[PDB]
């Protein structure tokens, strides 16, 4: 049942007054349109007025709540998703409570955890190295630490912001700060924006590439029509292609100007079409954007009908709160059957 080649994008950034002493992330700024002046708005996270277009079954939960973490792991078991890639924000995340709990809870059910390296302040080949060292030293011995073909896997969000020649210092065998053939080696997966920039993956000496964005066509790389061709490139260049599939997209609470990126779920049709494209590409690994990026409306996490004075939330009606967990399990089984064939 439980698939070790299916990886959800997991966010551990949520906090509440009960567990953390303040709202975290459920309270969120409202972003200005690109190139525009203005004051930055705020959604308080209070009075059920929260920074997302859907409303969680688990409410304004804390990522540091062991009961929530237990429930999230159980939801992955329901979805047959065996791997979570947790958002990682650099030094500020050293020793953070949620990661240890996630590992502990994953280990009880045979789930695994890998890391999604985010664009933290001062990110560079050197500080990425330091973070890999921290992650491997602190979590690498954990029974639930993910390895595939014997190697840890790291996704690197917006990696293209650091030049390939700089990455090569870290990822080339001869690189000046190389992790290759050290205890810090693994599979490093860069975010690609377009098929035509795939050579940058090779120049950077990365092991593969992923697409992240759940909204079809937001980038060339997140356009499913291009997935067969990208897989072909990956195979020809000894790289791992990891498409990212999502159930929809909407982020207009946090980005009111961003309606062009909205993708309706159409009672699961959007997810079906995208997941089928990912399987049909021939990729060996599939990533899911997202388990719980609530701000961007990409979550497969159960959502409920909800209204407050300030907002009426979207929801999954007339389908079950857990529809997207159920439907994920279906697609994971289709994926396993395709890979077996």
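Numbering follows the first chain given and starts at 1.
For the pair 108 to 116 and 231 to 239, the mean Cα B-factor is higher in 231 to 239. If you average the C-alpha B-factors over 4 to 12 and over 331 to 339, the higher value belongs to 331 to 339. When the C-alpha B-factors of 256, 247, 95, 190 are ranked from the entry, the top spot goes to 95. Looking at 252, 87, 211, 138, the one whose CA carries the top B-factor in the deposited record is 138. The deposited CA B-factor of residue 36 belongs to the lowest third of values across its chain. Residue 66 sits in the highest third of its chain by CA B factor, as recorded in the PDB entry. Ranked within its chain, residue 54 lands in the lowest third, by CA B factor from the PDB record.
Compared with the other modelled residues of the chain, the Cα B-factor recorded for residue 272 ranks in the middle third. Sort the chain's modelled residues by C-alpha temperature factor and residue 326 lands in the middle third, per the entry.
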